[PDB]
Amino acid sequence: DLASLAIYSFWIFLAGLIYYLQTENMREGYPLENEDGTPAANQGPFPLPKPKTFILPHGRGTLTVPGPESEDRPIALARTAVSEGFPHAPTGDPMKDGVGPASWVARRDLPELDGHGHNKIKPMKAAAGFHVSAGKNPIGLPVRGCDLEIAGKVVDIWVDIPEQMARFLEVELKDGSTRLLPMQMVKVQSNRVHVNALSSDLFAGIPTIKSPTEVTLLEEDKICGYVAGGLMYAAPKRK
């Protein structure tokens, strides 16, 4: 009868669908590797999908996945054990070296663009007609790290132009130079901006950007990476 045909067909459609979905989710990170960089023996039960090409939009190129994979960067870690499956110790300073929760990826060293081709993120000062509309305005507030020591002062907000959203605080140090802190990692309060991830002495270590009115995807990854890493790696200096 119809209903048991429909149900049986459906479990077949459903297994085909899980197959499609699982292979589609193999377009990044595959083929699997041994801890040493080498293709692993056991690739799992699903084959790689036939590749596909995204056309990027501002003469920015193509992406074709799956494709050859690589960190395009040195990984300062080493084995701590004699077989598969254990942690890999930082061979240096893990914050400086961009590993563990301080990791960053070798994203493209241009800025993300809006639909019109302009830089997506600008310091508010260069963003025409953009002003704070609600909430404590943090500009001018001292910035305090997890040691409860003051690390600098907020000197602008970097805003996403097409989505009208705060993305970073630009913070000035004793130095005179500035750093970006991710908006999602600061707490804005009446008389200060509080940063739990970092202690005051780790502010100078925040990756710097090359031009003062642009950030590249590569630069965002290093900054977000480094301050996220502080949660684990700043923990001895954290009151």
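In this text, residue numbers run from 1 along the sequence as written. Superpose the two forms; the largest set of C-alphas matching within 1.5 Å is the rigid core.
*Asks:* Kindly name the stretch, out of 70-78 and 110-118, whose CA atoms are displaced more from this form in 9 other deposited structures of this protein after the core superposition?
*Replies:* Higher root mean square deviation of C-alphas in 9 other deposited structures of this protein is shown by 70-78.
*Asks:* Of the stretches 26-34 and 58-66, which sits farther from where it is here in 9 other deposited structures of this protein, on average over its Cα atoms, after fitting the core?
*Replies:* Higher average C-alpha offset in 9 other deposited structures of this protein goes to 26-34.
*Asks:* Which has higher Cα B-factors on average according to the PDB entry: 98-106 or 68-76?
*Replies:* Higher mean C-alpha B-factor in the PDB entry: 68-76.
*Asks:* Pull the Cα B-factor of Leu141 out of the PDB entry and bin it into the chain's lowest, middle or highest third.
*Replies:* For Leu141, whose C-alpha B-factor we compare with every modelled residue in the chain, the answer is the middle third.
*Asks:* Rank-wise, by C-alpha B-factor, drop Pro123 into the lowest, middle or highest third of its chain.
*Replies:* Its C-alpha B-factor, which the entry lists for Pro123, ranks in the lowest third among residues of this chain.
*Asks:* Based on the deposited C-alpha B factors for this chain, I'd like to know if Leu48 is in the lowest, middle or highest third.
*Replies:* Within its chain, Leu48 is a highest-third residue by C-alpha B-factor, going by the deposited values.
*Asks:* Compare the C-alpha B factor of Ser190 with those of the other modelled residues in its chain, then answer lowest, middle or highest third.
*Replies:* It belongs to the highest third of the chain when residues are ordered by C-alpha B-factor.
*Asks:* Can you tell me which third, lowest, middle or highest, the CA B-factor of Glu112 falls into for its chain?
*Replies:* Answer is lowest: the recorded C-alpha B-factor places it there.
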